[PDB]
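coords.txt follows (compact mmCIF, C-alpha atoms and all ligand atoms):
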# COMPACT_ATOMS: atom_id res chain seq x y z
CA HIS A 3 13.37 32.52 8.44
CA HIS A 4 11.76 29.11 7.76
CA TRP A 5 13.46 25.66 7.62
CA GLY A 6 16.66 24.58 5.92
CA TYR A 7 19.97 22.87 6.54
CA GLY A 8 22.08 25.72 7.88
CA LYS A 9 23.47 26.18 11.38
CA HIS A 10 20.56 28.43 12.33
CA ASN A 11 17.58 26.64 10.73
CA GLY A 12 18.79 23.06 10.29
CA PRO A 13 17.55 19.65 11.61
CA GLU A 14 18.39 20.47 15.25
CA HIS A 15 15.93 23.40 15.16
CA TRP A 16 13.06 21.67 13.32
CA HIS A 17 11.34 20.43 16.47
CA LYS A 18 10.49 24.01 17.44
CA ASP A 19 8.03 24.45 14.56
CA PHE A 20 7.39 20.75 13.89
CA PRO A 21 7.12 18.98 17.30
CA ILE A 22 6.70 15.65 15.52
CA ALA A 23 10.47 15.82 14.92
CA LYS A 24 10.83 14.05 18.29
CA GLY A 25 8.17 11.49 17.40
CA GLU A 26 8.14 7.70 17.65
CA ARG A 27 8.62 6.81 13.97
CA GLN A 28 11.02 9.39 12.58
CA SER A 29 13.35 8.89 9.62
CA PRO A 30 16.01 8.39 8.55
CA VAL A 31 17.50 5.68 10.80
CA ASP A 32 20.68 3.66 10.91
CA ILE A 33 20.23 0.20 9.45
CA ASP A 34 22.01 -2.30 11.73
CA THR A 35 22.39 -5.28 9.39
CA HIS A 36 22.92 -7.77 12.19
CA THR A 37 19.75 -6.73 14.01
CA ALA A 38 17.49 -6.55 10.95
CA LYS A 39 15.00 -9.39 10.90
CA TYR A 40 14.87 -11.57 7.79
CA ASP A 41 11.14 -11.80 7.15
CA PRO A 42 10.43 -14.65 4.71
CA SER A 43 6.83 -13.47 4.37
CA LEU A 44 7.87 -10.31 2.51
CA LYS A 45 6.95 -10.44 -1.20
CA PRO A 46 9.36 -9.29 -3.91
CA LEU A 47 9.04 -5.62 -4.88
CA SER A 48 7.11 -4.93 -8.07
CA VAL A 49 8.26 -1.74 -9.84
CA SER A 50 6.16 -0.93 -12.93
CA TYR A 51 7.69 2.21 -14.42
CA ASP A 52 7.25 1.42 -18.14
CA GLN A 53 4.43 3.96 -18.58
CA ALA A 54 6.09 6.72 -16.52
CA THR A 55 5.45 10.31 -17.62
CA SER A 56 7.94 12.84 -16.26
CA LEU A 57 6.82 16.44 -16.64
CA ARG A 58 9.09 18.91 -14.91
CA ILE A 59 12.23 19.41 -12.86
CA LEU A 60 12.40 22.14 -10.27
CA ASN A 61 14.62 23.63 -7.65
CA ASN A 62 12.49 24.10 -4.53
CA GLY A 63 15.21 25.60 -2.34
CA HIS A 64 15.79 22.31 -0.49
CA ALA A 65 16.60 19.90 -3.35
CA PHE A 66 15.54 19.43 -6.96
CA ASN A 67 12.45 17.35 -7.70
CA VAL A 68 11.60 15.59 -10.96
CA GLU A 69 7.80 15.44 -11.06
CA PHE A 70 5.65 12.84 -12.76
CA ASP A 71 2.07 12.76 -13.98
CA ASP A 72 0.27 10.82 -11.23
CA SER A 73 -3.26 11.27 -12.55
CA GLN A 74 -3.34 7.57 -13.52
CA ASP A 75 -1.57 4.34 -12.60
CA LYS A 76 1.25 5.11 -15.03
CA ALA A 77 4.25 4.31 -12.80
CA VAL A 78 3.51 2.31 -9.68
CA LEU A 79 5.09 0.34 -6.87
CA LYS A 80 3.40 -2.64 -5.26
CA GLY A 81 4.41 -5.88 -3.59
CA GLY A 82 7.12 -6.01 -0.96
CA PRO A 83 5.68 -5.04 2.45
CA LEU A 84 2.97 -3.01 0.75
CA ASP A 85 -0.76 -3.56 0.61
CA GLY A 86 -2.17 -1.76 -2.38
CA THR A 87 -0.81 0.24 -5.26
CA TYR A 88 1.44 3.25 -4.69
CA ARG A 89 1.78 5.89 -7.41
CA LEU A 90 5.09 7.61 -8.23
CA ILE A 91 4.66 11.35 -7.86
CA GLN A 92 8.28 12.48 -7.89
CA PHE A 93 11.88 11.77 -6.98
CA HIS A 94 14.73 13.84 -5.54
CA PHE A 95 18.12 13.36 -3.95
CA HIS A 96 19.93 14.31 -0.78
CA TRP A 97 23.66 14.77 -1.13
CA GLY A 98 26.68 16.08 0.71
CA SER A 99 29.45 18.59 0.31
CA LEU A 100 31.92 15.69 0.23
CA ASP A 101 31.77 12.10 -1.08
CA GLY A 102 31.75 10.63 2.43
CA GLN A 103 28.37 11.99 3.47
CA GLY A 104 25.09 12.81 1.85
CA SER A 105 22.82 9.85 2.43
CA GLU A 106 20.11 10.09 5.07
CA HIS A 107 19.86 6.41 5.91
CA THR A 108 23.11 4.74 6.89
CA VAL A 109 24.04 1.05 6.81
CA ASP A 110 25.96 -0.01 9.91
CA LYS A 111 26.80 3.69 10.35
CA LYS A 112 28.27 3.89 6.81
CA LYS A 113 27.21 7.06 4.93
CA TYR A 114 26.90 7.12 1.12
CA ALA A 115 27.51 10.07 -1.24
CA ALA A 116 23.82 10.63 -1.84
CA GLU A 117 20.42 9.04 -1.58
CA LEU A 118 17.66 8.97 -4.16
CA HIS A 119 14.08 9.00 -2.94
CA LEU A 120 11.33 7.87 -5.27
CA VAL A 121 8.13 9.11 -3.61
CA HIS A 122 4.87 7.18 -4.01
CA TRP A 123 1.44 7.69 -2.48
CA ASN A 124 -1.19 5.03 -1.71
CA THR A 125 -3.89 5.26 -4.42
CA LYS A 127 -6.65 4.11 -2.09
CA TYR A 128 -6.46 7.60 -0.56
CA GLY A 129 -7.28 9.55 -3.71
CA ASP A 130 -4.58 12.24 -3.75
CA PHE A 131 -1.19 12.99 -2.25
CA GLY A 132 -2.68 15.39 0.29
CA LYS A 133 -4.95 12.75 1.84
CA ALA A 134 -2.22 10.10 1.83
CA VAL A 135 -0.16 12.31 4.15
CA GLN A 136 -2.87 11.90 6.79
CA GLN A 137 -2.52 8.09 6.92
CA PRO A 138 -0.01 5.77 8.67
CA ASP A 139 0.43 3.86 5.40
CA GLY A 140 -0.08 6.72 2.97
CA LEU A 141 3.38 6.84 1.41
CA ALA A 142 6.08 4.45 0.28
CA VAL A 143 9.49 5.91 -0.44
CA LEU A 144 11.98 3.81 -2.34
CA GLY A 145 15.43 4.82 -1.20
CA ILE A 146 18.54 4.10 -3.24
CA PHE A 147 22.09 4.81 -2.17
CA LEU A 148 24.55 6.42 -4.56
CA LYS A 149 28.26 5.70 -4.24
CA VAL A 150 30.98 7.50 -6.21
CA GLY A 151 32.46 5.26 -8.91
CA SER A 152 31.62 4.79 -12.57
CA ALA A 153 29.12 7.16 -14.23
CA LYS A 154 25.44 6.24 -14.36
CA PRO A 155 24.32 6.84 -18.01
CA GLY A 156 20.66 7.14 -17.11
CA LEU A 157 21.37 9.95 -14.65
CA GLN A 158 23.08 12.17 -17.23
CA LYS A 159 19.90 13.77 -18.59
CA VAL A 160 19.18 14.95 -15.05
CA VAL A 161 22.74 16.26 -14.68
CA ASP A 162 22.70 18.27 -17.95
CA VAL A 163 19.50 20.13 -17.12
CA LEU A 164 20.67 21.33 -13.67
CA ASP A 165 22.17 24.45 -15.26
CA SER A 166 18.71 25.77 -16.09
CA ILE A 167 17.28 25.34 -12.56
CA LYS A 168 20.24 26.67 -10.59
CA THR A 169 18.25 28.77 -8.12
CA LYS A 170 15.19 28.42 -5.90
CA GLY A 171 11.91 28.59 -7.78
CA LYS A 172 13.27 27.84 -11.24
CA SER A 173 11.80 24.98 -13.27
CA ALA A 174 12.29 23.36 -16.68
CA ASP A 175 10.21 21.04 -18.84
CA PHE A 176 11.66 17.58 -18.36
CA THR A 177 9.68 15.09 -20.37
CA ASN A 178 10.40 11.55 -21.43
CA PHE A 179 12.76 10.68 -18.58
CA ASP A 180 12.76 6.95 -17.77
CA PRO A 181 13.24 6.40 -14.01
CA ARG A 182 14.14 2.73 -14.64
CA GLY A 183 17.60 4.00 -15.51
CA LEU A 184 18.18 4.80 -11.83
CA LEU A 185 17.45 1.33 -10.40
CA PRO A 186 20.22 -1.01 -9.24
CA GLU A 187 20.40 -4.59 -10.52
CA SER A 188 18.95 -6.24 -7.39
CA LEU A 189 15.69 -5.31 -5.71
CA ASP A 190 16.59 -6.76 -2.29
CA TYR A 191 15.64 -4.36 0.50
CA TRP A 192 15.13 -3.36 4.14
CA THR A 193 11.79 -1.95 5.24
CA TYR A 194 10.55 -0.17 8.37
CA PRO A 195 7.74 2.28 9.32
CA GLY A 196 9.03 5.86 9.28
CA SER A 197 8.37 9.47 8.21
CA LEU A 198 9.18 12.26 5.73
CA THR A 199 12.78 13.32 6.36
CA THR A 200 11.99 17.00 5.83
CA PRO A 201 9.35 19.14 7.54
CA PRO A 202 6.43 18.57 7.99
CA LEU A 203 8.08 15.23 9.03
CA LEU A 204 4.75 13.40 8.83
CA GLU A 205 4.74 9.88 10.14
CA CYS A 206 3.40 8.14 7.17
CA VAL A 207 5.82 6.20 4.98
CA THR A 208 6.80 2.65 4.70
CA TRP A 209 10.43 2.99 3.83
CA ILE A 210 11.91 0.57 1.32
CA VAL A 211 15.67 0.93 1.23
CA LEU A 212 17.48 -1.06 -1.45
CA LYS A 213 20.49 -3.08 -0.40
CA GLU A 214 22.44 -2.41 -3.57
CA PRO A 215 23.71 1.11 -4.25
CA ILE A 216 23.97 2.52 -7.77
CA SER A 217 27.23 4.21 -8.71
CA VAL A 218 27.58 7.71 -10.19
CA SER A 219 30.73 9.53 -11.22
CA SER A 220 32.45 12.25 -9.24
CA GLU A 221 31.63 14.64 -12.10
CA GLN A 222 27.95 13.73 -11.92
CA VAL A 223 27.67 14.34 -8.16
CA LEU A 224 29.78 17.48 -8.51
CA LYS A 225 27.04 19.06 -10.69
CA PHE A 226 24.52 18.49 -7.85
CA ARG A 227 26.75 20.59 -5.60
CA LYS A 228 26.58 23.57 -7.96
CA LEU A 229 22.90 24.16 -7.28
CA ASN A 230 21.78 27.00 -4.99
CA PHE A 231 19.47 27.08 -1.95
CA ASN A 232 18.89 30.81 -2.58
CA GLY A 233 16.72 32.43 -5.21
CA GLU A 234 18.08 34.46 -8.13
CA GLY A 235 19.61 37.77 -7.05
CA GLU A 236 20.18 36.75 -3.42
CA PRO A 237 23.53 35.85 -1.83
CA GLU A 238 24.67 32.47 -3.19
CA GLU A 239 24.49 29.50 -0.80
CA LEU A 240 25.53 26.21 -2.38
CA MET A 241 22.96 23.42 -2.09
CA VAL A 242 24.98 20.74 -0.30
CA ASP A 243 24.39 18.69 2.80
CA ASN A 244 20.61 18.69 2.45
CA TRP A 245 20.29 15.54 4.61
CA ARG A 246 18.88 14.83 8.05
CA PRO A 247 20.94 12.87 10.56
CA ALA A 248 19.78 9.42 11.79
CA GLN A 249 16.96 9.30 14.31
CA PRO A 250 16.43 6.85 17.19
CA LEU A 251 14.88 3.60 16.05
CA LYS A 252 12.90 3.42 19.33
CA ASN A 253 10.14 0.77 19.19
CA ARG A 254 10.58 -0.38 15.60
CA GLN A 255 12.02 -3.36 13.81
CA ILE A 256 13.76 -3.20 10.47
CA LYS A 257 12.90 -6.21 8.32
CA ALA A 258 15.02 -7.50 5.43
CA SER A 259 13.85 -9.33 2.30
CA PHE A 260 17.11 -11.31 2.17
CA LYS A 261 19.41 -13.24 4.54
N1 LIG B 301 12.86 13.13 1.86
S1 LIG B 301 11.42 12.31 1.80
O1 LIG B 301 11.03 11.76 3.10
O2 LIG B 301 11.27 11.31 0.76
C1 LIG B 301 10.09 13.48 1.37
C2 LIG B 301 9.20 13.30 0.32
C3 LIG B 301 8.21 14.24 0.03
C4 LIG B 301 8.04 15.39 0.75
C5 LIG B 301 6.93 16.36 0.36
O3 LIG B 301 6.29 15.97 -0.61
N2 LIG B 301 6.55 17.63 0.93
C6 LIG B 301 5.40 18.27 0.24
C7 LIG B 301 4.05 18.21 0.69
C8 LIG B 301 3.74 17.50 1.90
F1 LIG B 301 4.69 16.90 2.63
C9 LIG B 301 2.41 17.42 2.35
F2 LIG B 301 2.14 16.76 3.49
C10 LIG B 301 1.36 18.04 1.61
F3 LIG B 301 0.10 17.95 2.06
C11 LIG B 301 1.65 18.74 0.42
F4 LIG B 301 0.65 19.32 -0.27
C12 LIG B 301 3.00 18.84 -0.07
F5 LIG B 301 3.27 19.51 -1.20
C13 LIG B 301 8.92 15.60 1.81
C14 LIG B 301 9.93 14.67 2.14
HG HG B 302 0.58 10.16 8.46
ZN ZN B 303 14.05 12.68 0.51
Show how you would write the structure in this file as structure tokens.
Amino acid sequence: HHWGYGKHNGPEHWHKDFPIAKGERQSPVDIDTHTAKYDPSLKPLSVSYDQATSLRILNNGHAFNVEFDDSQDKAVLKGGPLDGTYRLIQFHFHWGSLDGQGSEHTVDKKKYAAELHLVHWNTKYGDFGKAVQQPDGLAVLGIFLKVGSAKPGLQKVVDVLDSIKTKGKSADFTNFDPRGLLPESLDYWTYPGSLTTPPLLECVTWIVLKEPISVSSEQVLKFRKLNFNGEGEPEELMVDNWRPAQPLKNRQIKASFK
């Protein structure tokens, strides 16, 4: 019926209901490292997640989102290529059916096992809904996940997946510290883009970290046990919930490092 990642309702069909899919600043894109422009005027990123308040985790039929209380400047992102304070509202992942695919952004055509998106909205706009009507309304921090050693800080997320196996299910998920998902370095690439899922709105200053975090095979395997379907419907494993790379067109990807 509506949108998804299957053969009959996947990314290639999105343009029919969301014409912006063929827009000028669509995401994700391939990051050509030799064409990215080192911009020495970019400030370092400033991630202030010490007061973060996670509230819930839910399976929305497309991915699982961990939501945060964004009623106050509790967990924010500023600095980098951003002007203003962006508030963390939630994070989710995109992953594949196999270790060699899953990320949305690619680096020199290399695909990672998954990609974490920490979604933030520009506070000057009042609420998330208004931010999605502005060219600089959102800032998504993207982090690549490669399969290797286990990420301790990701385990609490992994263990709770059993209780939100199907579409629509949710579970209280308090006291989760998102700082446990950050890599060691905050070096990044940035470019103007969009939401990678419908409505595909062209807001979003993408901030993709250079350094991937590593998770274990067992950790990513639990992601693959989730379902796209609701309880009582035919089981469809939630895998490959990623959108292929879009044409860069008239945009330049800047890097904070050389
Ligand atoms: N993969 S990603 O690029 O990081 C991405 C992040 C967030 C969303 C999303 O929040 N959809 C919900 C949503 C909207 F996109 C709205 F524009 C809106 F007004 C809403 F109320 C709403 F719930 C979609 C894709
Ligand atoms: Hg917009
Ligand atoms: Zn995403």
- With all atoms listed in the file as the basis for distance, which of A:96, A:225, A:10, A:80 is at the shortest distance from residue 157 in chain A? A:225
- Provide the CA of residue 3 in chain A to CA of residue 240 in chain A distance in Å, to one decimal place.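 Separation of CA of residue 3 in chain A and CA of residue 240 in chain A: 17.5 Å.
With a cut-off of 8 Å and using all atoms listed in the file, the polymer residues contacting ligand LIG 301 (chain B) are residues 29, 93, 94, 95, 96, 119, 120, 121, 131, 132, 133, 135, 136, 143, 145, 197, 198, 199, 200, 201, 202, 203, 204 and 207 of chain A.
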Using the file's own x, y and z axes, so that the box edges lie along x, y and z, what centre and edge lengths in Å (one decimal) does a box around every listed atom of range 85-96 of chain A get when 8 Å is added on each side? Give it as AutoDock Vina command-line options.
--center_x 8.9 --center_y 5.4 --center_z -3.8 --size_x 38.1 --size_y 33.9 --size_z 24.8
- Query: With distances taken over only C-alpha atoms and all ligand atoms, which of A:218, A:22, A:251, A:184 is nearest to ligand HG 302 (chain B)?
  - Reply: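 Nearest candidate to ligand HG 302 (chain B) out of A:218, A:22, A:251, A:184: A:22.
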- With distances taken over all atoms listed in the file, which of A:66, A:260, A:176, A:226 is nearest to ligand ZN 303 (chain B)? A:66
